[PDB]
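I have placed the structure first, in the form of structure tokens, so that the comments after it can refer back to it.
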Amino acid sequence: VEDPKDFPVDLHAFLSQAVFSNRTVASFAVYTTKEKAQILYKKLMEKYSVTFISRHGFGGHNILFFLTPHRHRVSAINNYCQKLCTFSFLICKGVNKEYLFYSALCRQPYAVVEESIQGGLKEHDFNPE
């Protein structure tokens with residue numbers, strides 16, 4: 001069983017593929033092992049002063065979703081996360097459709113493991129589609 005090379009395909013519409021873009025953004029996702037995500041949940045929370053972070057389970061792996069008070073390049077966030085990894089896989093992309101992405105991670109086949117605001121994010125926390 002090979003490690004994933006991208007996020008699951010049911011999330012593709014919500015993610016930015018432009019991983020080398022030098023525009024700064026404020027919503028990110030990471031797909032990695034349960035072990036790395038447990039650690040990164042707290043480390044990213046502190047490093048980037050996140051306004052929200054959640055950790056979700058899928059197929060033996062985890063996905064982190066987080067929002068930041070300041071904008072960052074995806075490559076900077078990826079660089080920080082990759083420092084924890086040698087053999088463990090880790091995919092990091094910007095999230096274009098914040099609430100749609102988070103809400104997909106709160107329905108099967110995904111499960112919320114922990115999140116930083118009690119009750120999570122609300123649809124009304126973002127503009128309507």
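In the structure tokens, each chain is lettered A, B, ... as it comes, each chain's residues begin at 1, and ligands are numbered from 1 in order of appearance.
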
Give me, as a ChimeraX atom specification, the residues of range 5-96 of chain A that a backbone DSSP run labels strand (DSSP E or B).
/A:15,25-33,52-58,61-72,90-95

Among range 77-128 of chain A, which residues does DSSP mark as helix (DSSP H, G or I) when it is run on the backbone? Keep the chain and numbering as in the structure and answer as JSON, numbers by chain.
{"A": [77, 78, 79, 80, 81, 82, 98, 99, 100, 101, 102, 103, 104, 123, 124, 125]}

Please, could you write that set of residues out with C-alpha atoms as a PDB file, in the first residue's frame?
ATOM      1  CA  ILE A  77       3.378  26.544   5.547  1.00  0.00           C
ATOM      2  CA  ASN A  78       4.416  23.429   3.649  1.00  0.00           C
ATOM      3  CA  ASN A  79       8.060  24.048   4.488  1.00  0.00           C
ATOM      4  CA  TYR A  80       7.287  24.185   8.183  1.00  0.00           C
ATOM      5  CA  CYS A  81       5.186  21.001   8.136  1.00  0.00           C
ATOM      6  CA  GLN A  82       7.711  19.085   6.062  1.00  0.00           C
ATOM      7  CA  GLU A  98     -13.333  27.074   3.273  1.00  0.00           C
ATOM      8  CA  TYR A  99     -16.751  26.115   4.582  1.00  0.00           C
ATOM      9  CA  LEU A 100     -17.389  23.565   1.846  1.00  0.00           C
ATOM     10  CA  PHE A 101     -14.061  21.875   2.656  1.00  0.00           C
ATOM     11  CA  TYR A 102     -14.618  21.909   6.439  1.00  0.00           C
ATOM     12  CA  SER A 103     -18.190  20.695   6.082  1.00  0.00           C
ATOM     13  CA  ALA A 104     -17.081  17.751   3.869  1.00  0.00           C
ATOM     14  CA  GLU A 123     -21.884  28.231   7.837  1.00  0.00           C
ATOM     15  CA  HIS A 124     -22.587  31.838   8.829  1.00  0.00           C
ATOM     16  CA  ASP A 125     -18.911  32.290   9.816  1.00  0.00           C
TER      17      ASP A 125
END

Smallest atom-to-atom distance to residue 47 in chain A: which of A:87, A:66, A:7, A:20, using only C-alpha atoms?
A:66

I'd like to know which of A:109, A:94, A:128, A:119 is closest to residue 8 in chain A, using only C-alpha atoms.
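The closest residue to residue 8 in chain A is A:109.
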
Using only C-alpha atoms, which of A:37, A:84, A:50, A:1 sits nearest residue 72 in chain A?
A:50

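Compared by their closest atoms to residue 44 in chain A, and using only C-alpha atoms, the residues A:21, A:68, A:75, A:88 rank with A:68 nearest.
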